């Protein structure tokens, strides 16, 4: 038993949060190209037999509410859980359309003690977002 049991009736949910347009007052730019990402992910995880749900342009409040609600579903018949976040970010932070969300706040909903129907099951968070402002100059080989 060195591998996760992945033959439950369902592979599980794939939640894709695609934030493209941000409230003007935040001063955050539109993330051109992100719809290409969201579409690619939808197809890719569809072919892996995940129940994909795409959500676009969520406020910070909507992100937290969505995550809370999803973590309170019954995942007993699901092998795993996947969440993809596409947004602006900083270290430890993802942006809703109107301001930031702590990544810890989101993932805490799925803690082994807080989401019992996912205890012992792989919980995957895939994050396309900045983690700061450093640039990698690279090295020729």
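Numbering follows the first chain given and starts at 1.
- Higher mean CA B-factor, judged across 125-133 and 5-13 from the recorded values: 5-13.
- Take 34, 76, 107, 59 and read off each C-alpha B-factor from the entry; 76 has the highest.
- Sort the chain's modelled residues by C-alpha temperature factor and residue 39 lands in the middle third, per the entry.
- In the deposited entry, the Cα temperature factor of residue 89 sits in the bottom third of values across the chain's modelled residues.
- Looking at the C-alpha B-factors along this chain, the one for residue 111 belongs to the lowest third.
- Ranked by C-alpha B-factor against the other modelled residues of its chain, residue 83 falls in the lowest third.
- Annotation for residue 96: C-alpha temperature factor in the lowest third relative to the rest of the modelled chain, per the entry.
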